[PDB]
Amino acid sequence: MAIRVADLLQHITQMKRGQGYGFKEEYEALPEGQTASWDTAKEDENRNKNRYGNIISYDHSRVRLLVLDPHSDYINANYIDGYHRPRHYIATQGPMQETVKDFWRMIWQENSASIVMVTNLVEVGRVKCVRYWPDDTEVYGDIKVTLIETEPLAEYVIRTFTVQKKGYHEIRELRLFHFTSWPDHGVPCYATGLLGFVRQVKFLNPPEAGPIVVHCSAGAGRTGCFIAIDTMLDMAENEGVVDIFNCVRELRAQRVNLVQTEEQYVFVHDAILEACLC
């Protein structure tokens, strides 16, 4: 069911014409809600580690933390396969006050070099994510994080840090790619800025490092869009085809409801098309 890149404009058009099979039906065919077990996530002892009760971590794909407390192994995060590479990303919720330390522990544990943040901290008066990075230097658990560079651009900001587990000698470099123009449950007016942002991550992420951590507020909608676009550009570049429906289907098998609205699903298509034209 793959679509030739050469045929993508025609496909998207046909899919936007209300007259035959289109995006509403296609989106409605994606599996909605829970499709696999999440027994650990729904443990009483882990309720306060989950931001949204409906978007919690499937057992098969969940990122397990070293146990410190038998329930210390839980974070609301899942490995997500990329095009080339299994466990290429971790999709997770935006940290909560309670989970900031767990978040940095996962980063250390997993050898992650990149964080992709596709939310603002507050949106229309609602907290979406707690600030989990320092203005200067801060210790989260025993993870010491120091800001070394800020690069502001029009629709996003890249912040670079050193990261060190206290009492050990390794000092790592990490980048936080923070996209600032994408509203929760919404989509950007244009794909262009987001595509530049994607291009930066692909350019700068060290491929020898651990998974790229991707998060929004719940870790489904905008997180899923970023992952879908990123993956499909790899597929397009390599095969001259994209299969966005099975991509998002596969995304949902690994973590519930990634790409959370029809408008987002359509936006993923528009963004991939633009990248392919360019």
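In case it trips you up, residue 1 is the first one in the sequence shown, and so on.
S.K.: Answer with none, 1 to 3, 4 to 9, or 10 or more: how many deposited residues between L68 and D69 are not present in the coordinates.
M.R.: 1 to 3 residues lack coordinates between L68 and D69.
S.K.: Determine, for stretches 184-192 and 201-209, which one has the higher mean CA B-factor as deposited.
M.R.: Per the deposited B-factors, the answer is 184-192.
S.K.: Where do the C-alpha atoms have the higher mean temperature factor in this entry, in 137-145 or in 81-89?
M.R.: Looking at the record's C-alpha B-factors, the answer is 81-89.
S.K.: Just the C-alpha B-factor column, please: which of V214, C225, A36, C247 has the biggest number?
M.R.: Highest C-alpha B-factor among the listed options: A36.
S.K.: Quick check on the deposited entry: does the C-alpha B-factor of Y52 sit in the lowest, middle or highest third of its chain?
M.R.: Its C-alpha B-factor belongs to the highest third of this chain's values.
S.K.: Please say which third, lowest, middle or highest, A218 falls into when its CA temperature factor is compared across its chain.
M.R.: Tercile = highest for this residue's CA B-factor.
S.K.: Is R126 in the lowest, middle or highest third of its chain when residues are ranked by C-alpha B-factor?
M.R.: It falls in the top third of the chain.
S.K.: Within this chain's modelled residues, let me know which third the CA B factor of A41 belongs to: lowest, middle or highest.
M.R.: According to the entry, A41 has a C-alpha B-factor in the chain's highest third.
S.K.: Please say which third, lowest, middle or highest, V266 falls into when its CA temperature factor is compared across its chain.
M.R.: Its C-alpha B-factor, which the entry lists for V266, ranks in the lowest third among residues of this chain.
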